[PDB]
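Here the chain labels run A, B, C and D in written order, and each chain numbers its own residues starting at 1.
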C-alpha cells in the first residue's frame, strides 16, 4: 500500500490532485476524497452515484461541492464515485474530531488507501494513511522553514570541514584521540540529520522545491562517503569492518536521539569503544582506508589488501616501495602509485 | 503567574494555542478563564458544569456557544462552559466592549489569566492582573526576529573590531575614555537587541527552537564582557566591588536608547566627567581583562595581582620573579602569567 | 502641512493608524476628516455633535455608522460623527464614486487631510490639497524594502572592493581621475538605494524598527565616505571648505540616475573637465581617506595633518617628530599616526 | 496581432489593465474582457450596451459588476462595449471548465485577440491568446520563486569564482588540462541559465520587479565577458578565435540541453576538442586573454594585440618590457604596466 510519505508527494505542489485540492480550498466547500477503489472501499461506500470520468482538478472541485465523498481509482487517473456515504467500522480507533474526519481516518485504516478530508470551517487539508496523519502546509511557510534550515546546514558544513582538517592533520602527526574522531562523527551526523529534515520539505514542496533541491544536493553530497570511511578507519574490532558491518554501525548512529549525538560517550559505544571518560582521552591510529580512497583510480581491492597487511596509516607511510610490491595481488605499477600518493599526504601538511 | 508566563502558556506548541488558532479560524470569539477555584465560581453565573480533558478541538466547539469557558488551573481540564462572568463592575478597566471589559475585570478579581478573542478583529488578548498582551502571528515574529538576528551578528562583528582596538591601545599605553566608551556602547547595543530577540523567541514557542540556539551563541559572553570593562575602567579608585559592578550595569540598562548614542551619558554611568575634554583624556586599565585572557587563571589570582601592581602596564613590567612576591601567587602560576602577558602583547 | 506629514500621522504605531486598521478588519468603510475649523463646519451637514477623546476603538465604532467622522486638528478629539460632507461640486476631481469624490473635494476646500476607506477594496486613501496617497500594509512594504536591502548589500560589496582598490592606488602614487569617480559612482548608488529604503522605513513606522537598525548599519559611514572623497579629490588646490563640500554633495544629489552611469558628469561636479582625456589624468590624494583608515584617529587631528603636509605622499614620508611640530598633534597621536601609515604602505 | 507573451506584458504590474484586474479581484465580481474589437469580434457579440469612453481602471471594475463581457478597443485606450454576451462557435475545441472560461478561449481563438476571464469563486485571472493560456500570478509568489533562484545563483557564482581561481593558478604553472577548462565552462553556463530563469520572472513582475532587476544585473555582471574570454583562450582553432567564431561557440553552448552541460565531452565538442574521455586529460596552453583581463586598467584592445603577437600566456610571462613595446599600438607606458602586472601574478601563485 502507499505510505504516508508517498501520499505527501502525491498531494504536493505540481500534481493534478494538489491542483484540485487548491481549488476546493478556495471554494471553501470542504471535501472527503478516497485515493483508491477496490472491493474493500465498496464495502464501506453507501449510496452515491457511479460515474466514470477522467480525473481533472476542475472536475474534482465540482464534485466536492456536493455533500458526501468522492472516490478515485487506485492509479489516481479516474473519478469513479461521488456523493458517497462512507460507513467505516466504528470500532476502528481514531482521535479525530467530528463525523467527517473520524469517518476519514477510519476509512483510511479499513481500506488501506489514503483518505483526504478538507475542513470548510478551518480551510485545512488532512490526509490519512493507515493510522498516520499529514496536514498540508503553505509552500511559503515550508520555504521559510527550509531556508533557515539551509542556513543552519551551511554552518554545520563549515564546522564539519575544519574539524575534519584537524583530524587528518593529527593522523599524520599520530596524535589522534578517540574524542577527536567523535567530534568529526558528531558533525557528520548533524549534517546528515538536518539534511533529512530539508529533504522532507523538498518533497512536500513539489515543484516549489526544485531550487531547494539543488542547494541541498551540494551541501550534503559526500556526507555518506565520509561517514562510511570514518567507520572503516576507526572501528574498535581488530578486523577491518565489512561493508555490511559498516552499514550496521551507521544504522546504530541513526538510531541515536538528537540529544544523544551531543554525548561523545554514546558515539564511542557505537564504534565499540568504552563509554568511560578515560576512553575518550586514549590515542587511536587510523586504519588508512580514507587515505587510499583519495588515491585516484585505486580499486578498493588493492586498498583492502594493503590495509590488512600493514594495519595502520602510519604503517602505510612507513612502508617502502618494495614493501608495497611484496603484498600478494599488488602490482609493481600499483605499488608506485600508492607510495607516491601517501607522499602527497606530506604535501597536504 | 506573570504576564510572560501567560504568554508562554499561549505560545505555539501548546494545546491552548492550538485551540485559540482554531477559534480564530471559526471567527466565533471566545472568553476563557485559565483557572478555577471558589473565587471564580462567585463570578460565574449559569452555564454547564462538565469534567472533560482539555483538547484543542473541544475548546473550539465549546467556544461556539455564547458565554465563557473556564479551565482548571493546570490547564488539563475544561470545567465549565457557556458561563456568564459577572465581575464587580467597580473594578476599573479601559477596555472596550462588554466582552473585553468583562475579561479584564475577571482577570483582576480572580487573579487568573483571562483570554478574549474578538470575532470582529480576530485578535487574541490575554489579561493577567491589570496587564495586557495581544498575540501576534508567528509569521510576523519570525520575519522580524530574523532581521534582528542578522543585525545582531553584524553588531557582534563591530564589537569584536572595537574590542581589538582597545586591547591594542591598552598594550600601547595610549587609551582614551572615548576608546573605552566605544566598547561600552557596542556591548550595550548587543545586549539590548538580544533582549528584544529573546522576547520574540519566547512568544514563538516551538517555532523559536532553532532561533534560540542562534541567539544563545551570539550573546554568550556578553555578561562577562560587561562586567570586565566596568571592573577595568570605573572612576572609583578602589577596584569596583561586585555590588558596584552590578549597580553600574543596572544603570546602563536604565539609560534610554538615545543615551546609548551619547558617549558622555555612558561616561557618567562610569563616574567620569560629562565634558568633551574627558573623552580625550587618557586612562589606564586595571588589567582584569588581560588576566581573564590567561587560560586556567582563577579570578582570585587575577584580583591579587591587580591590587599589587594596579594597572596593566604595571603587570607588563613585572618580571616572573616579581609576580611571585605577592602572597598567594605561586612560582608556576607566576611563570604562566608572565608567559601569557607577553603572548597578549605580541598578538596586538 | 504636507502629504508626507499626513503619512507620518497615519504610520504604524499611531493611534490614528490603529483605528484605521480596526476599520479595515471590520470592512465598514470610513470617511474621516483630520481637522476642524469654520471651513469644515460649512461643509458639515446633519450628524451628531460630540466631544470625546480620540481612541482607536472609538473611531472604529463611530465609523460603523453611515457618513463621516470629523477629528480635531491636533487629532486629540473626535468632534463629529455621522456627518454629511457637502463640498462645492465645482471643485474638480478625478476620483471614483460619491465617497472618494467627496473626500478629495473636501480635502481641497478645507485644506485638511481627508481619509476614505473603501469597504469594497479595503484600501485606505488620504487626500491632502490635491494630492493622493494610498496606505500600504506593512507586510507589502517590508517585502519591497527587503528586495532593496538585497540590492544594497551587493552595492556595499562592490563599493568596498573598489574603495580598497582606490586606497591601494593612493599608496602606489598612481591614481587617476577615473579611479576616483569609480568610487564616487558606487558611493552614490549605495546612497540612492539607501534613500529608497529610508522612505519605506518611514511608512512602516513602528513596524520598521528592525529595518532601521539593519539600514543604518549598512549605510553607516557612507555619508562620511562621500565627504572624505570630496575632501581628497576636489579641484580647488586649497582643501575644500565645508561650504564647498556641501555644495558638491548637493550637486550629486541633483544628478539624474542616468548621469551617474556617466563618469564625465561626475567629474563636472568635482570641478574637473568633462573630456575623456581628463579621466586618464593622474591625481594626488590629500590623505583624508588614508587617515580615516587609521583606527582611533579623530578627524580633528587628521585634518590638521593633511592641511600641513598637503598630500598623502608627504604624510607617508613624515617621521613621528615631523608629525609633532604641527600644532594640535601631540607626541602620542604623532606616533600613532606614524605607525598607522606605515601599516598601510607595508601591506 | 498580440502574441501570448505580448498580452501578458499588457497585463503586467504597473499597467492600466492590471490595475483594473486587481480591482476586479478585490470586488469578487468576476469578469470576461476582450482585448480588441473588429468585424470578427462584433460577429460573436450579442446584446449589451455600446459605449465610447476612455479606459480607466475604475471604469472597468464598475462595468464588470454587470453580467456579461466587456470589450476594449484594440489599442487598449477605450472601452467600446459592456454587458455583452459572447457566442463563439461551439465547434472550436477547448478543454477549459465552465461556461465562462470555455466561452473565453473559444472567443480568443475565433477573433484572434486576447481574452481575459476572472473567476469570482477562485480569484484567478486567465488570459487566452490563440490556443495558448496563461494564468497571472500575484507578484509575491513570483518574487518567492525568483528569490529562491537568486539564492542558487549566489551559490553558483561562488563556485564559479573558486574554480576560475584554480584555473588561473594552473595557467600560471602551465599545468592546465581540458578538464580544468571545462569545469569553468560548465559553471559559467549554470550561472547563465539560472540567470535567464530569473530574467523571465523580472518581466512577469513588471514594475514590481525593478529591484530584482538591479540585484540580478549586479550578480550576472561580467558573466558574458567571462564566457567570451574563456572561448578566446581555449578554442581548438590554432589562430585566435574570430569574433563570429566566438558568437557561434556561445550559440552552441546555449543550444545544449541541461543534461548535456553535465557532460564535459559535450562541452569539449563545442570548443572543438575531441569528445573522448581520454581527451579530458590532454594539456592545453591558454592564449592569455583571461590573465590580461585580470591586469588592472588594461583595455581589451591592447590585450588583443599582445595575445595575438606572443600566442601564449607563457610567452607573455617570459617577455621583457622591450619585448612588449615592439608590438604596434603598445606604448612604453603600457608595456611597463603589463610587465609588472604579469610578474605580480607569477609571484602570487
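Here is the rule we go by: a residue touches a chain if its C-beta (ideal position, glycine included) is under 8 Å from a C-beta of that chain, and two chains touch if they have at least 3 such contacts.
To keep track of the chains, here are their UniProt names: A, B, C, D = DNA integrity scanning protein DisA.
J.: Report, in whole Å, the distance between the mean C-alpha point of chain B and the mean C-alpha point of chain C.
T.: Whole-Å distance between the two chain centres: 32.
J.: With centres defined as the mean C-alpha position, give me the chain B-chain D separation in Å.
T.: About 49 Å separates the centre of chain B from that of chain D.
J.: Could you please state the distance in Å, as a whole number, between where the Cα atoms of chain A are centred and where those of chain B are centred?
T.: From the centre of chain A to the centre of chain B is 38 Å.
J.: Could you pull out the residues of chain B that touch at least 2 other chains?
T.: 143
J.: Just say which it is for the chain contacts: an open line, a closed ring, a star, complete, or other.
T.: Topology of touching chains reads as a ring, each chain with two neighbours.
J.: Taking the top-of-page definition of touch, could you list the pairs of chains it picks out?
T.: A-B, A-D, B-C, C-D
J.: For the complex, which residues does chain D have touching chain A?
T.: Residues in contact with chain A: 97-98, 121-123, 144-145, 148-149, 151-152, 155, 159.
J.: Quick one: in the complex, what on chain A touches chain D?
T.: 23, 26-27, 56, 58-59, 62, 140, 143, 147, 208, 211-212, 214-215, 218
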